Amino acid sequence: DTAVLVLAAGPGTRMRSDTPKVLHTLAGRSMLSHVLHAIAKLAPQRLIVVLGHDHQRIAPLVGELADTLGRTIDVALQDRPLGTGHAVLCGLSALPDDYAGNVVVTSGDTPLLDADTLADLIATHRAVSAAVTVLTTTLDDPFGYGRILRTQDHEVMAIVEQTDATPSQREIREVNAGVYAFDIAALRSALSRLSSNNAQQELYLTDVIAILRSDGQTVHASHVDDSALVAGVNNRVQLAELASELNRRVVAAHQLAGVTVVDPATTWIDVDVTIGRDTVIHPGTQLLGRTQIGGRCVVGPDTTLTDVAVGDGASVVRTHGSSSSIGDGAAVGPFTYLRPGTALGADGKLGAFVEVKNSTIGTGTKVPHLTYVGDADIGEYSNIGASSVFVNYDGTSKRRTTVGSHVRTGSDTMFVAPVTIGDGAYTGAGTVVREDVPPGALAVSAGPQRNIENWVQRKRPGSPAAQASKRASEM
């Protein structure tokens, strides 16, 4: 039996942000969300999050995650950030006085940490009967981490914080991951003896290691070779570095599953995105939120899709889109903007310089050029001519248009909603449609062409255009 505490109550000062540190995101989750998903997968008996002065802003998201993950997650409050060891004493208050399971402690800013790492921690802890097992790793650059002091036989003696280490300790490259398993009695005992004279003037959880070593208890340090799993995030440089390493792993999983990703370094894929086999993702693409891409699709370059469902065999190139769906075999882009509520049927086309908002577009229908479609329902196998506008705003309110199937509307048609265009109808180029058009009718409104001969010689005399028409009039 085990209780996991997540410490998330420190101020995050080095983020320099008005958004609480554990709420900063990577790969479509907050750091706190990453940490809680990983812990919930382990399924410990108790899960407690220690929050601090911003708890009003974070506690509601912890409840949302508790709901998603199907379990209870308790919140303990730490009134002032007196140190990681004081944060743990706040956390333990959310447990019963007689709790006797193990206690695991982790931070809310270690967002690649995973259930397997935690389960191995807990198995190691039990196997060696430790009073405390601490996860550690080795870094080329240990700056900022507590250093692991070991004797030549590898026995751990202490952890020493960056701010309190001598120049000689600072060269140590093995660091504390800040992830621990504890015998609860030993933990409570050691915590009650923390002192705060040290450079940060805090109650350091890391002091418990040397305290329990002095009592003669078993102190164990388990070395995690994949350092990224226990990397922490104290500022925006570390956060983008871990975002990039998480992304690399997400992309690699899709490549091994059968997705060609031309340039993994510029292809950002959020954790819940799914991609079908033999899809090719071109560079500069981000697939965000709950986007789903089918098989044999072609995506990118320079496409951003957030919660967009794309069926099989579709192409979505140079497109910026969200909360939309794109049918099988459809072609979207280059230079297309999809706003929420767009639904494009199978074999449909939304071409260059087209923007769609809150419209449904039937099977096989094409809106190929320079056109805005807003609040419209269009049927199947229809073609909307270049440079058209579904005029959905009367100056104060939004209005709907309906367009049937097999229609051929002309370039530069303005549909002044509300209007309905019947099946198989045409409009001429340049038509402003202000009333319904029956099935099979042609609607037009532009006046007759008038050619004014010699206008150019009379109104632009001496110009290059006047000289050219003078040349042609001879020749």
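One-based numbering along the sequence shown.
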item	value
Higher-scoring stretch by recorded Cα B factor average, 188 to 196 or 324 to 332	188 to 196
Comparing 383 to 391 with 69 to 77, the one whose average Cα B-factor in the PDB entry is higher	69 to 77
Most elevated Cα B-factor in the entry, residues 368, 144, 374, 300	144
Criterion, highest CA B-factor; candidates, 128, 356, 273, 240	128
Position of residue 53 among the chain's modelled residues by C-alpha B-factor, lowest, middle or highest third	highest
Among modelled residues of the same chain, the CA temperature factor third for residue 430	lowest
Chain-relative CA temperature factor third for residue 7	lowest
Record-listed C-alpha B factor of residue 220: chain third	highest
Third of the chain's Cα B-factor distribution that residue 449 belongs to, per the entry	middle
